[PDB]
Every structure is written in structure tokens, then in C-alpha cells.
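First, the structure itself, so that you have it in front of you.
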Protein chains: 2
Amino acid sequence: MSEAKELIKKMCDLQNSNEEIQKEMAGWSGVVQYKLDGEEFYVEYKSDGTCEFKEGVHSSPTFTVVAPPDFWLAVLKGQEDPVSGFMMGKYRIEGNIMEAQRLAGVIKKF
Amino acid sequence: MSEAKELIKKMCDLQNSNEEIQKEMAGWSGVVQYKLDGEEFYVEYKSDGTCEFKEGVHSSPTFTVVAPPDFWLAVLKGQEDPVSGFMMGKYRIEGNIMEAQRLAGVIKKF
């Protein structure tokens, strides 16, 4: 495993055993697909704040993070920022269903 | 104004005068740009659950909804669904900063 992948897996383990992280994560559901120099893995995020780390490619992810592994590691360690990094084009993102879901939620309320 | 645009403006007015809608909307911040057959307008969503409807094009929207106006009207009235509609390609969405923001939020917690 790349260091980034190893660390994502570690974060999932911490999340799944830590009630406080789960509370903070609760309320959102999605699958985040990673592709780091062709290394494929994903994290299923459940509304109860738990998650599942899986190998390979999920059939319909919420979005895919296509990032060089050394950059993503730096991000995971807080040496780079996903937002400014994205604004600079230091990685890319595929998929817009999350925006569709947001629009649906807003309109639902009226 | 298209009927869809008129209705979005009405929804913003209701949101801004209705404490309950504001409570339900609170906690998220973004600008949603609309482009409906070239008709341009946007809604600024603030974390306190209020909003601002504006004419024209905002310089850096969270995302842009590029939709035919009659379809979007049908969506706003609940005759079509933004999620299934998006899955079918009945409209499109430009921008992924919201995903970058989501990634940042998850990583922040570790």
C-alpha cells in the first residue's frame, strides 16, 4: 500500500472504534473512491458515522479523488490543504451527484 | 423571468422570513449559480440559514446548475427529481469545490 492508502485505512479504523468521531461524522452518507496513480480503493461513509474501507472500485461512487499519492499523503498529514490544493489543480475530482443531492435537499424543504 | 427563476426568487423570500426554514438550512454555506438557457442568476447560502438571490453571474460559485428552464420548473414543483434527473442527464452541474470542502472536513476531524 501507498502511505496515503495505509493512513486512510487507519483513519477508518479509528472512526469505527471512536464514538466521538462517529458523532461528528454522522448525518452524511456517501462513497468516496480513491485512485492514486491507479491504486484503487474506497471508503463507504454511513449516516450513523461509521465507515467501511474497501479495496478496488465501487460501482457508483459519490465522487472519485484522482490524486498523486505523495500529494495526498501530504494532505492527510496537514502539510497541504484539500481546498487550496483543489483550487490550484494539485489533484482532481470526478462526480457531481453530491450537488444533485444538495439541490434535492434544499427543494425538499419547500 | 422564467417561471423557474421567479419561483427560486420566491423560495429565497420565504427562506429569509421563516425562522424554521432557516434552522433547517443552517450549517451550510455556498453559492449556487443557475444558467437556464443563458438566463443567469445565483443564490448565496449563508451558514445562519438565510440567503440572497442575485441577478447575473457570481465570480466563483460552489457549483453551477445548467438546466433547461422547463425541466427545472418541473423539478421545483416536485414533478421531476434532481437526483434521478441528474442520473439521466436531464441537466448538468459544473464545479467540484464542495467535494474538496467535504474531504477537508473529514480529514480535519483526524
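Scan region A:65-84 for residues that are touching a helix residue (DSSP H, G or I) at 6+ places or on another chain (Cβ under 8 Å), part of a helix (DSSP H, G or I) and over 19 Å from A:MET1 (Cβ atoms) and jot them down.
A:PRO82, A:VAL83
Next question. For region A:46-60, does any single residue satisfy the condition of being free of Cβ contacts under 8 Å to residues at least 40 places away in the same chain, under 17 Å from A:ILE93 (Cα atoms), buried (at least 16 other Cβ atoms within 10 Å of the Cβ) and not aliphatic (A, V, I, L, M)?
To start, the set of residues in region A:46-60 that are free of Cβ contacts under 8 Å to residues at least 40 places away in the same chain comprises A:46-51, A:54-60.
Then keep just the ones that are under 17 Å from A:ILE93 (Cα atoms); that gives A:57-60.
Checking the rest, the ones that are also buried (at least 16 other Cβ atoms within 10 Å of the Cβ) come to A:58.
Subset that is not aliphatic (A, V, I, L, M): A:58.
For region A:46-60, residues free of Cβ contacts under 8 Å to residues at least 40 places away in the same chain, under 17 Å from A:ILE93 (Cα atoms), buried (at least 16 other Cβ atoms within 10 Å of the Cβ) and not aliphatic (A, V, I, L, M): present.
State which residue is farthest from A:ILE8 (Cα to Cα) when the search covers only region A:61-83 and only residues that are within 9 Å of another protein chain (Cβ to nearest Cβ) and surrounded by fewer than 16 Cβ atoms within 10 Å (Cβ to Cβ). Give the derivation first.
From region A:61-83, those within 9 Å of another protein chain (Cβ to nearest Cβ) are A:62-63, A:65, A:75-76, A:78, A:81-83; that's our starting set.
Still in the running and surrounded by fewer than 16 Cβ atoms within 10 Å (Cβ to Cβ): A:78, A:83.
Working: A:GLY78: 13, A:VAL83: 18 Å.
Selected residue: A:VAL83.
What number of residues in region A:85-106 are in a helix (DSSP H, G or I) and not basic (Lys, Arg)? Full working, then the answer.
Of region A:85-106, the ones in a helix (DSSP H, G or I) are A:85-88, A:97-106.
Next, from what is left, pick out any that are not basic (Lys, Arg): A:85-88, A:97-101, A:103-106.
Selection size over region A:85-106: 13.
May I ask you to list the residues in region B:18-45 that are surrounded by 15 or more Cβ atoms within 10 Å (Cβ to Cβ) and basic (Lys, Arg)?
Selection gives B:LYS35 alone.
Among B:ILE8, B:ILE21, which is closer than 25 Å to B:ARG102 by Cα and β-branched (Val, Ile, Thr)?
On the way: B:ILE8 fails: closer than 25 Å to B:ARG102 by Cα.
Only one candidate qualifies: B:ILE21.
Hey, another quick one. Is one or more of the residues making up region A:9-28 over 30 Å from B:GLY85 (Cα atoms), hydroxyl-bearing (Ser, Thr, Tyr) and more than 11 Å from chain B (Cβ to nearest Cβ)? Give the steps one after another, and end with the answer.
Step one: list which residues in region A:9-28 are over 30 Å from B:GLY85 (Cα atoms), which gives A:9-24.
Applying the additional criterion that residues be hydroxyl-bearing (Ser, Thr, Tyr) yields A:17.
Filter once more, so that each one left must be more than 11 Å from chain B (Cβ to nearest Cβ): A:17.
Within region A:9-28, one or more residues are over 30 Å from B:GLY85 (Cα atoms), hydroxyl-bearing (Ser, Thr, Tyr) and more than 11 Å from chain B (Cβ to nearest Cβ).
Rundown of residues vs (1) of a type in the set (S, T, N, Q); (2) assigned to a helix (DSSP H, G or I), yes/no style:
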{"position": "B:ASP13", "(1), (2)": "no, yes"}
{"position": "B:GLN22", "(1), (2)": "yes, yes"}
{"position": "B:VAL32", "(1), (2)": "no, no"}
{"position": "B:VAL43", "(1), (2)": "no, no"}
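Give the number of residues within region A:51-82 that are farther than 27 Å from B:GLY85 by Cα and more than 13 Å from the chain's Cα centre (by Cα). Give the derivation first.
Let us first name the residues in region A:51-82 that are farther than 27 Å from B:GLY85 by Cα, namely A:51-56, A:67-82.
Checking which are more than 13 Å from the chain's Cα centre (by Cα) leaves us with A:55-56, A:68-71, A:73-74, A:77-81.
The number of residues fulfilling the criteria is 13.
Then there is this: Among (1) closer than 19 Å to B:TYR45 by Cβ; (2) under 14 Å from the mean Cα position of the chain (by Cα); (3) of a type in the set (D, E, K, R), where does B:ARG102 come up short?
(2)
Only the coordinates and a few stated rules stand behind these numbers; no lab work does. Counting neighbours? That spans all protein chains shown, and the Cβs are built from the backbone with ideal geometry, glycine included.
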